[PDB]
Structures are given as C-alpha cells and as structure tokens.
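Participant: Just dropping this structure here.
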Amino acid sequence: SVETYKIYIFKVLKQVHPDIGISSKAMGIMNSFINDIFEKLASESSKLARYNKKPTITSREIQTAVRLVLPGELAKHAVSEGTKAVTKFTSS
Amino acid sequence: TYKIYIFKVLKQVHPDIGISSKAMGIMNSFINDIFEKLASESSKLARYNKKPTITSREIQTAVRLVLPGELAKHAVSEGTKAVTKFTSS
Amino acid sequence: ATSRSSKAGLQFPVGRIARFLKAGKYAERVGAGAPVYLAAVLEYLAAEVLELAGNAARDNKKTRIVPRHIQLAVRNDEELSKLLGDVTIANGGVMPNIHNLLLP
Amino acid sequence: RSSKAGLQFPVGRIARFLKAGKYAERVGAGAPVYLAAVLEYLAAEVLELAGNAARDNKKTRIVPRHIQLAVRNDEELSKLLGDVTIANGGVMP
Amino acid sequence: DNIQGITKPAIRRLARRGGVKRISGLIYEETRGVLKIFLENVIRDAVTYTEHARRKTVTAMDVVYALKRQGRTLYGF
Amino acid sequence: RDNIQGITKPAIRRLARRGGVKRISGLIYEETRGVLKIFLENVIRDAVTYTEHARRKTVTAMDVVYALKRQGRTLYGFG
Amino acid sequence: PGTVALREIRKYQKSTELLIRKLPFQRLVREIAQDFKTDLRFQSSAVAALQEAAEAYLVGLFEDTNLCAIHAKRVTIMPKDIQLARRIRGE
Amino acid sequence: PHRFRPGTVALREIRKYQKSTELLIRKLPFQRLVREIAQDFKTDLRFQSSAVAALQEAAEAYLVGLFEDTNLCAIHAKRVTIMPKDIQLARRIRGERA
DNA sequence: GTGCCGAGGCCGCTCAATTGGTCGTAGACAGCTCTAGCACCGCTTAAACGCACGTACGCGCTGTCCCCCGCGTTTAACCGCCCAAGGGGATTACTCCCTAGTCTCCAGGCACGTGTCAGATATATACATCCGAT
DNA sequence: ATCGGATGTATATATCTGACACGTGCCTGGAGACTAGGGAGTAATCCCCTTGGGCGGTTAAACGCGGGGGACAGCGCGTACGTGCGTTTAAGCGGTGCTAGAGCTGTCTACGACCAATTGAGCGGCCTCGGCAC
C-alpha cells in the first residue's frame, strides 16, 4: 500500500558495510534524501527539455541535469557511473 | 509578447504617459515571470492532492501562497469578480 | 464571435493564456475558469506597477516611463519590494542612501 | 529487468515514476537506467560516510546523528545539503 | 501571553548550543519576537495548504511543504 | 593572463561609491578582484553547460539568464 | 562568572534532544493559528515538526549573531547583533 | 591653492553615482576577463554580444549589493573605513561560501 | 550487573513490471543560405597612473562602574498515567455535468514602412554652499 | 558668531536627433459547434485520532545575593588614505571586410506509446534475541 526505497538502500548498505545495520529514523532520513534528489534531477530534466523544443527525455539530458544539480567532484563521478550502466545495459 | 495589452492598461491609468522600449522589455519579463510562478504553484497544489485538473481553486491558493498579504487580498477579489462576470454574463 | 476577454471584461488575452497553460503541461486537464482568473490577476499586477511607475515619472517631471522609474516604484513600495525582493532591473540604479554617521 | 545493468535500484519503478509525473511526453530507454544508477551512487556515498561516523562512536547501528555528522564534515555533500535540517541530528561541535 | 512560555533558561540553552558565552539581558525580548515572526510565517502557509484540501486538521505534511516553500528542507518528518 | 587586473582601482571605487562607502582601505582591491572571479566562474560554468546541451558553439543571452535565475538572481531586461 | 558557561556550550553541542518544553510550545503554536482559521486541530506529528524547525532556526541565528559580536571585539551578544545578522540574511 | 577637506569630495561622488544608472566598468577589459574565464570549460567559444552585456550588468548589481553591507559591518565596528574583514563577515553570514 | 526491546527474519500474496507485436512520428541527418561574430587599422581624448602633502581616523592603553554569572532555597510547572464519548479523515458509491478531441468561417495581434516629437546636451546665468581667517 | 571669497549645482535658453507612434500586409489562431468518455462531487459508514477530566511525581523555573570582569569612555600617537596636479596609456569612435556559425527544409529509418498475458517482484503482518541502555 505504501512503496518506498527501503529494500534497495538496505541492500546497498550491506554491500558497503557488511556488518553495520541501520535504525528506522535513519532509514526514513535516507528515503527522504533519495526522493529529494530524484525530484530535483527529474524537474530540471523536464524544464531543460522545455528550453529546447523537444518532447522526449533521453539520457544525454540526465547528463546535464546532473552537471547542473550536483557540485564539482560529486558530479564528475556520478556522470561517469551513469554512462557505465547505460553501456552495460545496451551492449549486453 | 504582451506589449499590446500592457500598453492598453497604461492608457487606462495614465492616459498621457508613454513608455520606452526597454521599460516595455522590463514589463514583459515581469509578466512572464509571475505567470510561471503561479502556474507552477498550481501544478504542485494539484499533484499534492492527486487531481488531474487545474481549476480556479488551484489558482486562488497559488495566489495566496505566492503574493504578499495585502497584494494577494486584492488579486483574489479581482479574479473572483472576473470569473463571476464570465459565467453569469 | 466575441472573444473570451470581452466576456470576462478584461484587457489580457484569456485565450492565449489558456493555450500557454495547455502547452507547458502543468496538468492533464484545465478548467474553464482557470485562464480567466489567471488573466485577471496578471492584469491587476500590471496596472499596479504601471501606476506607481507613472507617478514616479511625473515626480521627475517627465512624460515617458524608463527603467529607473520602475526601479524607484518597486523598491519604494512594501509588498512589491517583498515580491521582487531578489530581482535585478537592468539599466536602473540603486536609490539614494547615505548613512547618518557619514554626513559631517 | 534491472539485473542486466549491474544496479541495485528498480529501473522499472523509476520509469513508472518518470512517466507518472508527466515531466515530458516521451521517455527514452536509457533515461531510467541513468537516473537509477546516479541515485544508488549517491546513496552509497552517504551510507559509507555515515557508517564510518558510526564506527568511531563504537556503535554498530547508524542513527540520525551519524548522517548529520557525515554530511557536515564532507565539503561536497554539505554544499549539496546546504539548507536541509536532519531531524534530531544535533549540531557540529 | 503564551509568548512568555518560552523561558529565559530555554533561550540560554539555545544560545549555548549556538556557541555563545555571555548574553545581555535584552536578548530575551528580541529572540521572543523574532521567533513569533518566523513561526507565523510558516503556520500561515501550512493552514493555507490545509484549507485547499477541505480538511480541518493540520497534518505533518502541510508543515513540511510550508517549510520547503521557504528554502528550508526537513528530513525525517 | 592578468586580465583581472583590468578591473582597475578607480572602477572599484566607483562601485563602492554607488554602494554608499566613504573610505576604502588599500587592501580592498585585491579582495574584490578575488570575489568577483568566483561569481563569474559559477555563472559562466552554468551558461556554458546550457550552451553545450543545445549543441551550439555560441554562448547566447538566455544561457546567461537561465544560469542566473537558477542561482537566485533573477534579471529583467534581456528576454 | 563564566566558568560553567563553557561547560553548557560543550555538552549541549553533543546532545540531540529538544531544548524547549513541549506543552508551552504547543500552546503557543495553537494561539498564533487562531488568527488564520478558527476551530482548527493539529496532528501530534505536526507540532513536533514545527519545534524541530524553530529550534534549528534559532540555533542557526545565534551562531552568526555571535560572529557579529566578535567582529565588534566583544564577547557579550546584544540585541544590536541580532539585528545586524537578520539585516544581511534578508529577513 | 584652494583645497577641499578630506571626505567632502567623496560625499558628492556618492550623490553623483547614486543618481546615475550608467555601467561603471570599461567594456573591453570585462570582455577579455569573461573570455579568459570561459576558456577553461570549453575552448574556441563565441559570445553573442548581448550576453556579455547581461553578464556585466548581472555582475555589477552583485558588487554594489555586497559593498552596501560590508559598509554595515564597518559601522557596527565603530568605523567609517572598510577592510577585508567586513567583506568576509558579510559573505559568511550570507552563506556565499561560508 | 539487570532487564526488556527494537532490528532482523519469515512470510502468503497480488498486483506490479516483462516479453511480444504494431504503428506512426520523433529523431537524427544532408544541403543550402544569411545572418551573426571576429579582427585589423588609424585617430582622438578621456581616463588611468604616479606623486607629494597633510591630516584625521584607527588603534592601543588606562580607569570606573555596573550588570551578568554562579550558587542556594522555594514555588509551580511540564510529563506523566489513566480515561472520555467528540469529532475528522481518508474509504467507496451511481450519477451528471463538464474536459478534450476534429473540424469551419471569421478573427486578431505580429511584421515592416514611414514621421514628430522631447529629453539631451551645450552655453549661459544666477543662487548656494565649504573654507579659512579672524 | 558671521562674512566673503571661491568652487558647486540648479534654472533657463536652445537645437537636435532617433526614436515612440501610428499607416499598412498577410498569416496563423482563437472561436464555434458536436460528440465521448469519465472525473467531478456529494452522498453514506466505519473508525482511528483528535481532544478534555481528572492524580501523581520530579523535575525545572523563579527569586535573591555577592562580587568580579567586561563594556565603554577618554586620551595620544602616528600612519595610511584623500585631494589635487602633471604625464602616459589605452578605451572608444568610426571604416574594412570575412570566415564560422545558427536556422530552415526534406527524407527515411529507428524508436517509444499502446495493449494483451504472465509471475515474481514489492508490500503488511507474523515472531525471535541479541545490543546498548540501562
């Protein structure tokens, strides 16, 4: 009835720190952070597609939404990882 | 652009004052900025309630949220007067 | 073929506002009173700013509004200075302000 | 689907969210993949810092205080979360 | 007179968490006035967000939206 | 190059006078020269991103106005 | 005079708990909503969210009110410092 | 010789520059500056001539706003002269970089 | 030492996301044209630059007094434990006003081509103000 | 004190642009009329969740009293910045071009929305048992 990102954050945490666990308040904090970032990137992508005259949101303007929304050294890694996935998604 | 209409309003309040090209550019920018603030606030208001329609209640709440107090109080009355004249007359 | 504006008794383009509301995709559907309400509000704000600017132009003994007069009218008033709190009118300039402790 | 990409986040749910919010008319195929990768990356960089701050306090579970400290130490995250207030995260001493 | 329910020791605790060492005795009529401005800016929007929904109860989500409208984000509810 | 030095001392004094200042210390100029560069770097880094998204090779005047509106600084008078 | 002051500055920056008493704050937020809408009721989590934001606001304002006092070569915060801090932040 | 007392020619300058609306930096050095700055993010760029104007007029409205509150920091500290301390205080409690 | 509990596991499941198949229309792209931008040259003059004096403003030192801090006693408030019988809030309902499509005559400002100021600017003329010296 | 020099702004003569301001022209494009489907919206029901009636109990707040240490005023010194003057650059007016963009149109292939039939992925709710707080 209520869908969240609990499973996926928990799996990522087990992938990073195999032994640390997480309480419920911190779990809510992390869920809210992911929702906030998703909304930011998506709204910027929509508006940036609207500046040009295109009705389609491709991946190459998730690029520039990331480059506008994320600061400096954070974006240069994120962008890279994004490209990684897409390659492994298509040349699969 | 809204120029034409902007000029009309001027000739209603100051029938003897003119306006230059750059002041008209300023006024155009101001109207385009306010319209987009109100239309995005209405979009959020509709999405927070899961409704697919932007009626004239989303506009009223967007005006109350966006315009400062005494300004919003008069904008609301103007708009409701317009809608009443539209439907009744 | 009477236009929507004449029915609403306005000077702004109700029909063009409705088109701008549709394209730009703010929601699936748009009511029939939304563009009338929005156009009436836009006309009100325009007339507010233009009246203050015209007064400021008469005060400077002119008969043509320029950006300086818009700057003066906006930054003198209270609600308008709150609304346009962080906007830069170009080719306007700051109003006179010398602190009391610098005069002698 | 989102096992062919090496991600841990749901690409299908991301696409459902993107098409529900009506950000555009058409959504490409690489867009949910890209967006789902750049979200697990940020989650993985916040969680590692929070776990490191947990380890110093001799704790084995993360709490809101640990996220607060991890966000306020690092420069990039503090620049990104510059106006957010974590509930009962205290302050940086 | 509820305003006075915020007592001098509470204000000193807040200042101590801010890093302040000495506090003048005129701080506690100034803080008590900036707090009421901040708080009535937020309640006015959180009540507007409610009316729209035809509700009679201010929920914890109206308050979060009212705070986000003012540039400050609140995680964890 | 030293282009920055092309923001001369008289121009900084003119800006301070429009700001209301009566006396300037002699170290203000190298502080102002440094805090202008940061502002320009941020705005230009956003403007060029907007340009390269459009596949254009000319920074135009909305790229700048969009970059400015994004960082809290709305500008009227340029479209 | 000044000793314990330090201790309080230390301890309160380690804790995470709320520094205003709950019941008077609830009573205040209820009286300053009677002038927007009569006969209103609050969820219990709606009043916990207002207190978290208000206390964060006041703590954030106190710690640049303290930079202004040090800039003027003092250690005592005065109501003149709060006004300088709010003047520049824009409030 | 007829001299003015220190700080009387400065007050007529404040009145002079607070009535005009002109653009107070030289045009060419500003363009060379912005081209030098943009020369990092992308090389071999072109600037539409109305964009450098927008940049200049966005950049001076920022410095004029910063100076009129580094001058509130100086008066708070019992002075009439501004030093870099005032700029740093003003920029900190604005969060410009904190 | 002492409990005594929230995090993690299990789960039965059902509705979400996958595979397959069609269709119609954005993307890419190639070709051309005309703007848009950049760069070199000579001339003028206005602004920047250096310099010397001088002064008045910043900065440090000392004294006084007042108000804020630390501590102890007594009062009163918030947090606690239990309850009312209010309301309010998210549930589901046939029913009908309303939204978008698909299209026909009339609309309804955007362009470009011309003039009449009007606020700019320069010369001239007083009318007002910093300065110094008694 | 004023008082009278000596440099400033403030009123009044003009011209002089170079525009704001209205003639035109086609475009699109809003308006009008039908039809379709379904989102409003206002019923009707169960409830969780919202308040007030009242004890305790244990803090925490309020009041008062030394007494010092920090704010603020005053005074002296001297150093760095303002004012004005005589050079020295270099920005800014105009003339030449001139390639390197930005804009539009025409054409086809690939790509994403829509729709049927699966099924394993998420949820909400069962119990432990260690983990940090007592």
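Participant: Could you check region F:30-55 and list, in sequence order, the residues that are aromatic (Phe, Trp, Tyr) and buried (at least 19 other Cβ atoms within 10 Å of the Cβ)?
Facilitator: Scanning region F:30-55 gives a single hit, F:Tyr50.
Participant: How many residues, within region G:1-37, are among the hydroxyl-bearing types (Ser, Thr, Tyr) and either surrounded by 16 or more Cβ atoms within 10 Å (Cβ to Cβ) or near DNA strand I (Cβ under 10 Å from one of its atoms) (or both)?
Facilitator: So the count comes out to 2.
Participant: Let me ask something additional. Tally time: how many residues in region H:60-74 are among the aliphatic types (A, V, I, L, M), within 7 Å of another protein chain (Cβ to nearest Cβ) and away from DNA strand I (no atom under 16 Å from the Cβ)?
Facilitator: Looking only at that region, the number is 2.
Participant: Continuing with this model, one more query. Return the residue satisfying two criteria in turn: it lies in region G:37-74 and is among the charged types (D, E, K, R) and more than 20 Å from H:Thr70 (Cβ to Cβ), and of such residues it is farthest from the chain's Cα centre (by Cα).
Facilitator: Per the criteria, the residue is G:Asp39.
Participant: Buried (at least 16 other Cβ atoms within 10 Å of the Cβ), within 16 Å of B:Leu45 (Cβ to Cβ) and β-branched (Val, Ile, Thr): which single residue out of E:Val64, E:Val58 fits that description?
Facilitator: Answer to the check: E:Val64.
Participant: Let me ask another. Anything in region E:14-73 that is under 28 Å from G:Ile70 (Cα atoms), in a loop (DSSP other than H, G, I, E, B), within 16 Å of DNA strand J (Cβ to nearest atom) and not small (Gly, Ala, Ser)? List them, or say none.
Facilitator: Scanning region E:14-73 gives E:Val20, E:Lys21, E:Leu26.
Participant: Now a separate question. Of everything in region H:3-51, what is farther than 29 Å from C:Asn97 by Cα and either near DNA strand J (Cβ under 7 Å from one of its atoms) or touching a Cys at 6+ places or on another chain (Cβ under 7 Å) (or both)? Give them in sequence order.
Facilitator: H:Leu28, H:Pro29, H:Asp44, H:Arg46, listed by residue number.
Participant: Output the residue which, of all residues in region H:86-95 that are surrounded by 17 or more Cβ atoms within 10 Å (Cβ to Cβ) and more than 16 Å from the chain's Cα centre (by Cα), is nearest to DNA strand J (Cβ to nearest atom).
Facilitator: Looking at the filtered set, the residue picked out is H:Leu89.
Participant: Pairs under 7 Å by beta carbon, first residue over 15 Å from H:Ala61 (Cα atoms) in region F:59-79, partner part of a strand (DSSP E or B), six or more apart or different chains?
Facilitator: Hits for this filter: F:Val59/H:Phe47.
Participant: Among the residues of region C:58-104, how many are at the interface with another protein chain (Cβ under 7 Å from one of its Cβ atoms), surrounded by fewer than 17 Cβ atoms within 10 Å (Cβ to Cβ) and of a type in the set (D, E, K, R)?
Facilitator: Qualifying residue count, region C:58-104: 4.
Participant: Scan region E:25-65 for residues that are within 12 Å of the chain's Cα centre (by Cα), among the small types (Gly, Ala, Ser) and within 14 Å of chain D (Cβ to nearest Cβ) and report the count.
Facilitator: The number of residues fulfilling the criteria is 0.
A short reminder: the numbers here are calculations on the coordinates, not readings from a lab. Note that we place each Cβ from the backbone using ideal geometry, even for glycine, and neighbour counts take in every protein chain shown.
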